[PDB]
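Convention: sequence-line order gives letters A, B, ...; per-chain numbering from 1.
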Amino acid sequence: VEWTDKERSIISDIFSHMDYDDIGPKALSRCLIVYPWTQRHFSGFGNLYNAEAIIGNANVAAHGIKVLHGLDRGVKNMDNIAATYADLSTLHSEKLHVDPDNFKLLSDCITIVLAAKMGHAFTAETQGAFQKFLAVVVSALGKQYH
Amino acid sequence: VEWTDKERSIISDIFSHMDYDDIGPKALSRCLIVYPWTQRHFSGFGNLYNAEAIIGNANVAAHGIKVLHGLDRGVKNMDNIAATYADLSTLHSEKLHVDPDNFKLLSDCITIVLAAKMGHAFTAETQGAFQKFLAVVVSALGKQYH
Amino acid sequence: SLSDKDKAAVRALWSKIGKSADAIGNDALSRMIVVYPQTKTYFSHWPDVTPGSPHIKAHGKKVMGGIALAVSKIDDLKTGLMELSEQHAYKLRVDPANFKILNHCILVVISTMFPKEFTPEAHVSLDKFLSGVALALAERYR
Amino acid sequence: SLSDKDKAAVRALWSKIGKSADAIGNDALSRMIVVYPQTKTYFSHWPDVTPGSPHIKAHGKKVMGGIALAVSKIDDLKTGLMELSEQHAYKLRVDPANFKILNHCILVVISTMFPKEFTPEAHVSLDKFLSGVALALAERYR
Ligand code: HEM
Ligand code: HEM
Ligand code: HEM
Ligand code: HEM
């Protein structure tokens with residue numbers, strides 16, 4: 001990845017203004033509804049056979065905030081993302097057994113939730129930069145799978 | 001990309017034994033038959049309207065051989081593949097207008113025709129190194145599309 | 001396949017947002033070409049393959065016209081979109097992988113314009129429907 | 001969708017190769033876990049996630065029994081594979097992207113084992129069929 005100054009500015013601006021306790025729960029809830037195989041890693045969170053059950057589920061919500069703040073270390077390390085996420089990649093692989101394709105699916109849900117919050121301000125260029133950042137983190141999160 | 005010595009050896013081994021005049025036309029004809037939208041660029045090759053016609057088409061054969069030999073520069077530049085293919089990338093984007101997803105489709109057809117030729121010798125590890133190589137070339141081929 | 005639940009959800013959402021199909025189309029196709037520039041290969045005939053251009057704007061109306069037709073033909077997308085399938089297979093040769101990319105851009109546009117209407121339940125049904133549209137447009141390819 | 005031409009081709013290929021189903025299945029799952037190691041996340045309950053291992057050979061039998069089932073149900077894959085869809089949906093939670101990975105590996109295995117039989121025409125039809133099987137396996141997911 002090579003970042004333009006404009007991409008760095010957009011990413012910085014989105015994360016300085018992000019309401020994590022709003023976007024986190026919404027993005028993870030929307031992922032468990034739209035892509036329900038992602039519920040594989042959440043079974044004991046309670047009964048998630050329902051969209052209301054899921055969106056109500058305070059375990060889901062707390063996990064959505066934790067995973068969204070997992071993005072902060074890449075914002076602070078934009079030229080060293082692969083290495084920064086190496087330990088988290090190894091964890092998801094060897095401890096949590098998370099299919100890394102699910103990282104792309106949650107990314108798309110984070111994008112869609114962010115777009116609904118930002119509205120007309122989520123321009124094509126803003127979407128490009130933001131999806132570029134998530135794509136570099138998703139790759140990093142999948143790197144240590146062996 | 002980081003190459004292991006074993007990957008280097010498998011790749012060099014495959015390309016030192018390749019019969020380009022057999023694999024190249026088989027891989028491109030198979031792509032044009034399995035993925036017929038890849039015909040988009042070849043309207044002046046003559047007859048393509050059915051499988052028999054494509055398999056018997058000598059312009060498709062010739063181009064098959066050319067594309068397969070376009071892998072040779074990456075075998076020779078294994079740590080510099082993106083730079084080595086930048087001019088080809090630009091050609092395919094700007095002059096030829098080829099959708100780079102088609103690179104991936106043709107790649108899978110080269111793998112399947114190589115598998116039929118190699119038989120039992122196309123082992124899982126052989127497949128993994130060969131497909132890793134092709135994916136790094138396909139990434140380089142798409143890199144200069146903007 | 002689309003359940004009765006999914007069809008009701010798509011019809012209900014389209015009832016609410018259909019009025020804005022033209023704007024949705026301009027925005028979605030502009031996003032496609034900016035964020036996924038490789039898609040520009042199919043528009044090489046046009047001098048203005050830039051977001052919100054005359055050509056992209058007018059094409060956006062047509063594409064979303066196609067979506068409106070799909071809603072109306074939601075009980076049988078294959079038959080409904082047959083002519084469009086023929087055009088994309090035989091004339092344009094658009095790799096069906098790119099339908100996935102436009103579909104994601106359509107979802108992003110509807111989320112930016114209709115945040116209240118685009119609930120997670122609206123989204124799962126619309127995503128199933130747009131996948132069904134992509135597969136019906138692929139019907140005449142091979 | 002599958003035409004009568006496609007259905008005949010899949011039936012004629014399976015008539016030729018079906019006796020080798022169990023070996024195809026171990027070869028294909030072996031290739032999937034070696035070439036796409038992220039797929040090993042579904043087999044975490046096994047210690048022997050290695051090519052050719054007893055859980056992999058056993059399980060390759062079941063998968064290609066599923067392909068045989070699908071050939072017998074080729075006129076209506078959705079109805080025919082509903083129980084397997086429900087198994088992968090609720091119990092196994094397998095992301096449908098991995099069906100695309102396995103399907104590529106099954107084609108590589110058949111090419112290595114039946115090069116004469118796996119003609120380009122057999123391949124376009126079998127690819128369409130396995131895409132239809134992947135879609136039918138996703139039927140109960142959402
Ligand atoms: C944007 C992508 C993701 C990021 C940045 C991320 C971030 C993280 C972080 C920082 C942790 C905590 C690690 C610790 O305890 O030290 C966590 C844990 C974990 N995440 Fe991920 N995650 C992502 C996506 C997902 C996905 C897609 C799922 C499942 C579908 C997943 C499932 C888990 C689970 C189950 C835990 C384990 C918690 C525990 O046992 O304490 N993650 N993630
Ligand atoms: C591994 C993938 C590929 C490689 C390494 C490759 C390489 C090449 C090379 C070496 C040339 C000659 C450039 C020149 O004229 O100076 C070329 C030409 C061309 N390629 Fe590719 N190619 C690949 C994939 C494809 C695909 C998938 C398509 C279309 C489906 C495509 C369509 C063409 C066309 C239309 C031309 C020009 C035809 C002519 O004027 O003879 N290529 N390619
Ligand atoms: C939601 C999926 C899509 C729908 C429903 C759709 C709809 C349509 C329709 C209705 C037309 C006819 C326009 C006319 O009468 O001029 C059109 C043409 C066209 N579409 Fe698609 N399309 C879709 C996706 C794609 C994608 C992903 C691409 C390429 C990346 C593509 C490329 C084209 C092109 C190049 C034409 C001809 C434009 C011209 O020269 O005026 N379409 N499409
Ligand atoms: C060609 C598509 C596929 C076929 C037809 C298929 C079919 C089957 C069959 C028949 C079963 C047995 C269920 C039972 O014992 O009742 C099974 C189980 C299972 N499948 Fe699939 N499968 C497909 C692809 C996959 C994929 C791609 C994965 C994941 C990467 C997967 C993971 C599993 C696992 C984890 C089990 C449970 C076996 C155990 O408990 O050891 N399947 N499959």
Side-chain angles (χ1 to χ4, degrees), chain A residues 82 100 139 142-146, chain B residues 1-28 30-31 34-35 38 63-89 91-92 98 100-145, chain C residues 38, chain D residues 27-28 30-39 51 100-101 104-105 107-109 111-112:
Chain A
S139 168
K143 223 141 168 304
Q144 303 277 78
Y145 280 73
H146 288 145
Chain B
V1 52
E2 282 231 285
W3 296 112
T4 68
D5 282 2
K6 190 40 176 335
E7 289 164 342
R8 291 184 191 266
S9 173
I10 288 165
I11 295 293
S12 168
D13 189 17
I14 291 171
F15 282 88
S16 84
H17 291 276
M18 177 93 68
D19 182 348
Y20 292 74
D21 290 345
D22 175 70
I23 302 298
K26 286 174 182 192
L28 184 63
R30 190 165 292 251
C31 188
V34 175
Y35 299 121
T38 60
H63 188 74
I65 293 171
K66 194 185 294 190
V67 168
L68 191 67
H69 274 298
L71 301 177
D72 298 348
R73 66 195 85 188
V75 175
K76 284 172 183 131
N77 293 279
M78 288 282 276
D79 290 309
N80 201 36
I81 293 174
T84 291
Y85 287 91
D87 287 341
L88 270 176
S89 177
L91 174 77
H92 280 79
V98 174
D101 182 65
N102 290 162
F103 297 139
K104 280 183 188 179
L105 297 172
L106 181 59
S107 281
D108 288 337
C109 293
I110 293 168
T111 292
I112 285 166
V113 163
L114 185 57
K117 174 62 198 214
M118 286 185 61
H120 197 58
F122 195 68
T123 60
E125 272 188 356
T126 300
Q127 178 185 353
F130 188 67
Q131 290 193 185
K132 172 176 175 180
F133 175 75
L134 292 178
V136 176
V137 172
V138 168
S139 177
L141 280 164
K143 189 222 172 113
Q144 312 305 144
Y145 283 67
Chain C
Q38 60 278 24
Chain D
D27 204 340
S30 287
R31 294 173 188 272
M32 174 187 84
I33 61 161
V34 163
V35 178
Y36 305 83
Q38 64 283 18
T39 59
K100 312 178 272 234
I101 294 175
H104 177 66
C105 291
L107 297 179
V108 168
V109 171
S111 199
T112 61

Engineer: When the ring planes of B:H92 and B:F103 are compared, do they come out parallel, tilted or perpendicular, using 30° and 60° as the limits?
Structural biologist: perpendicular

Engineer: Using only atom types and a distance under 3.5 Å, with no angle test, would you say the side chain of B:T84 pairs donor to acceptor with the backbone of B:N80?
Structural biologist: yes

Engineer: What closest approach, in Å, do D:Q38 and A:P100 show between heavy atoms, and which atom pair accounts for it?
Structural biologist: CB-CG, 3.4 Å

Engineer: Could you tell me whether B:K117 atom NZ has more than 12 heavy atoms of other residues or ligands within 6.0 Å of it?
Structural biologist: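 No, because the 6.0 Å sphere around NZ of B:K117 holds 12 heavy atoms or fewer from other groups.
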
Engineer: Are the side chain of D:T112 and the backbone N or O of B:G119 linked by a donor-acceptor pair below 3.5 Å?
Structural biologist: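 Not a single qualifying donor-acceptor pair exists.
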
Engineer: Just how far is it from atom NZ of B:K132 to atom CD of B:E2, taken to the nearest 0.5 Å?
Structural biologist: 8.0 Å

Engineer: Report yes if some heavy atom in the side chain of B:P25 is under 4.5 Å from a heavy atom in the side chain of B:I65; otherwise report no.
Structural biologist: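 The answer is yes; the side chains approach within 4.5 Å.
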
Engineer: Is any side-chain heavy atom of B:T111 closer than 4.5 Å to a side-chain heavy atom of B:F122?
Structural biologist: yes

Engineer: Could you check if a side-chain atom of B:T38 sits within less than 4.5 angstrom of a side-chain atom of B:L106, using non-hydrogen atoms only?
Structural biologist: no

Engineer: Nearest 0.5 angstrom please: B:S107 OG to B:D101 CG, how far?
Structural biologist: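 Result: 10.0 Å between the selected atoms.
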
Engineer: List for me each residue that meets ring-ring contact (aromatic ring centres under 6.0 Å, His included) alongside B:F130, sequence neighbours excluded, and say none if there are none.
Structural biologist: none

Engineer: Looking at B:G70, is its backbone amide N or carbonyl O close enough to the side chain of B:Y85 to form a donor-acceptor pair, meaning the two atoms are under 3.5 Å apart?
Structural biologist: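 Here the side-chain-to-backbone pair exists.
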
Engineer: Compare every heavy atom of D:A28 with every heavy atom of D:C105, then report the nearest pair and how far apart it is.
Structural biologist: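 That closest heavy-atom pairing would be CB-O, 3.6 Å.
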
Engineer: Looking at B:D5, I'd like to know if its CG atom is crowded, meaning that more than 12 non-hydrogen atoms belonging to other residues, nucleotides or ligands lie closer than 6.0 Å.
Structural biologist: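 Incorrect, the count does not exceed 12.
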
Engineer: To the nearest 0.5 Å, what is the distance between CG on B:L134 and CD on B:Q127?
Structural biologist: 10.5 Å

Engineer: Taking NZ, NE, NH1 and NH2 as the nitrogens, is one of them in D:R31 or D:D27 under 4.0 Å from a carboxylate oxygen of the other?
Structural biologist: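 A salt bridge is present here (some side-chain N lies under 4.0 Å from a carboxylate O).
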
Engineer: Looking only at heavy atoms, which two atoms of D:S30 and B:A124 are closest? And how far apart?
Structural biologist: O-CB, 4.4 Å

Engineer: Locate the shortest heavy-atom distance separating B:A140 from B:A82; write the atom from each residue and the value.
Structural biologist: CB-CA, 3.7 Å

Engineer: What pair of heavy atoms forms the shortest contact from B:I10 to B:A129, and how long is it?
Structural biologist: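 Taking every non-hydrogen atom into account, CG2-CB, 3.8 Å.
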
Engineer: Looking at every heavy atom in both B:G24 and B:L68, which two are closest together, and how far apart are they?
Structural biologist: N-CD2, 3.8 Å

Engineer: Do the side chain of B:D13 and the main chain of B:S9 share a donor and acceptor less than 3.5 angstrom apart?
Structural biologist: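 Absent.
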
Engineer: Check this for me: B:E125, atom CD, are more than 12 non-hydrogen atoms of other residues, nucleotides or ligands nearer than 6.0 Å?
Structural biologist: no

Engineer: Does the side chain of B:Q131 reach to within under 4.5 Å of the side chain of D:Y36, using non-hydrogen atoms?
Structural biologist: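 Yes. Closest side-chain heavy atoms under 4.5 Å.
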
Engineer: State whether B:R8 and B:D79 are salt-bridged, where the test is any N-O pair (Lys NZ or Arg NE/NH1/NH2 against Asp/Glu carboxylate O) under 4.0 Å.
Structural biologist: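 Yes, this pair counts.
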
